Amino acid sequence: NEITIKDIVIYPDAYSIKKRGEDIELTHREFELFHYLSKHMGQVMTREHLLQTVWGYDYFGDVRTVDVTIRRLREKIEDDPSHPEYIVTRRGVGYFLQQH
């Protein structure tokens, strides 16, 4: 069931989100990553952890695929992706979902 963070509402059944009431097109993988983060609000996740968790344990592609997906998520959901208010980098560690 549905999870609210600031302007954004997550609909796990629908694999989609709305921000200020408006649909944002997310890929399955983008949604799964954002949804995973949102189940663990304010906890820093390493790229390696996010890779195996969201891409699956058999997935050994380059770990930068996590960074590429987070960038796409930021472009889609952030008012200003250079100052993210949802998905925040902890430098040299990982990413987390920054709740209010």
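When you see a residue number, it is the position in the sequence shown, counting from 1.
Inset, instruction - Would you please rank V54 by its C-alpha temperature factor against the other modelled residues of its chain and give the third it falls in: lowest, middle or highest? - result: Middle third.
Inset, instruction - Classify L26 as lowest, middle or highest third according to the C-alpha B-factor given in the PDB entry, relative to its own chain. - result: Lowest third - that is where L26 ends up once the chain's C-alpha B-factors are sorted.
Legend entry - Chain third (lowest, middle, highest) by recorded CA B-factor, residue given as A14: Ranked within chain, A14 CA B lands in the highest tercile.
Inset, instruction - Among all modelled residues of this chain, ranked by Cα B factor, put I5 in the bottom, middle or top third, i.e. lowest, middle or highest. - result: For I5, the deposited C-alpha B-factor lands in the middle third.
Legend entry - Chain third (lowest, middle, highest) by recorded CA B-factor, residue given as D62: Tercile = highest for this residue's CA B-factor.
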